[PDB]
């Protein structure tokens, strides 16, 4: 297992180098985002009414990515359908707030749709 791990290690290392060098806004979005703990729960869908799900750990992340009902992700625009807290319980856009953010159950989950 040890030797094959380092294979997979080299292969994964080398992949993000292929990725970095490609330097493309949409990927870099989702790689950088992923680094903050902001990851997709399912396949990013290409279409328009297929649903997207992602985790938002931070109120920062929320601020950087959400703004009213729009969700900026993967170099395209998304329509925040619903948000739920860690407890699987619904959160209204207006509780994800200045002042209230520290009373919420991070991380949250945005189900958005493509524009």
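Numbering follows the first chain given and starts at 1.
Highest C-alpha temperature factor among 66, 41, 83, 31, as the PDB entry reports it: 66. In this PDB entry, residue 110 carries a Cα temperature factor that places it within the lowest third of its chain's modelled residues. Compared with the other modelled residues of the chain, the Cα B-factor recorded for residue 88 ranks in the middle third.
Remark: residue 55 belongs to the lowest third of its chain, ranked by C-alpha B-factor as recorded. Annotation for residue 19: CA B-factor lies in the middle third of the chain's modelled residues. For residue 74, the recorded CA B-factor ranks within the middle third of the chain. Only modelled residues enter the ranking.
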